[PDB]
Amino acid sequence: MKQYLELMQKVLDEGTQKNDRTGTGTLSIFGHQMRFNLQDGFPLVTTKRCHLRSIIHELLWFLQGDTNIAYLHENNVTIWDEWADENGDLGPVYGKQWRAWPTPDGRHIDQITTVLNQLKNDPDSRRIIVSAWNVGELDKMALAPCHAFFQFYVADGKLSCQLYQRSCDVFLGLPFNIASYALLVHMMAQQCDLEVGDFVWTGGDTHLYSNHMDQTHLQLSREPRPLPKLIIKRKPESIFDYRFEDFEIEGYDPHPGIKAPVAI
C-alpha cells in the first residue's frame, strides 16, 4: 500500500534507536497520520499476503463484549493465546470497554450503541467517540489498549473514522490494525445507511523492530497491487448480528507472505 510503504521508509530514514520492554531495539518515530479513502478500495496490504480470517473473528469478538478467548478458540483463532491466563481471561480489555465501560456509580456504558444512536440522530456531533482507555481498569488488563481511542465523523452522507494508536509495530501489527477498523467503518456505515468515507490512522510511537530489517527491505522492493473490494453479503438487523461468512474480499492478489519472528 502506497501510504504504508512510505511510512516504512520514513521509519528507516528518520527513526531514532529506542529499546522496548526489556528487549529488542526499535527504530522509532513519534506522531504520524495516514488517510485512506475507503471508496478507493479496501486497505488490505498487498505487498505481502495478509490473512483477514483472524481479523474478522477478532472484530466480531470485540463487538460481543467478549473478553475470554473461548469464542476465538471455537474458531481456531490463537492471536490472543499469548496473553490469556490459565482460564482464558484477558481482563477488561477492548470488548469490555466498548460494550460495558463500568462507571463509579455501578452502571455499564455501551459505547457501540451510543455511537450508533449518535450517527443516526446527531450525525453532526463532534463527540461521536469510543474509548478503550479506561484509566481505572488499566492494572487489570492483560495489556493496555494499543488502538486506544477512535472518533466518527459524518459529512455529505459519508462516514469517516479516525483512530489514535499509541504504539505501533509497523511491520507485524499495522497491516492488521488498518483492516480491522476499515471493516468496522463499513459495518457502521451499512447500519446507518451511509457511504464510507475516510479512515484516518494516527499513531504515537510508530516503530520497526531491529530484527525485522531484512523483511522490511524485502517488502519495500515490492510494488503495490490494486486494492481489493470488500463485500457484505447481507445487512443484519444490528451491528451485533454480523457473522464471519457475511464478508468476502474480491480482487485480492498480494505478493508472497513474509514471516517476522519476535524475541521472548
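The first residue of the sequence shown is number 1, and the count goes up from there. Whichever C-alpha set is largest while still superposing within 1.5 Å between the two forms counts as the rigid core.
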More variable segment, 16-24 or 251-259 [Cα RMS over structures in 4 other deposited structures of this protein, core-superposed]: 16-24
Between 66-74 and 199-207, larger RMS Cα displacement in 4 other deposited structures of this protein after core fit: 66-74
Selected stretch [higher average CA B-factor]: 46-54 or 199-207: 46-54
Selected stretch [higher average CA B-factor]: 152-160 or 129-137: 152-160
Residue, from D169, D110, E74, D81, that the PDB entry assigns the highest Cα B-factor: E74
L194 - Cα temperature factor, lowest/middle/highest third of chain: middle
Within-chain third of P228 by Cα B-factor, per the entry: middle
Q39 by Cα B-factor - lowest, middle or highest third of the modelled chain: highest
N87 by Cα B-factor - lowest, middle or highest third of the modelled chain: highest
Entry-reported Cα temperature factor of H212, expressed as the chain third it lands in: middle
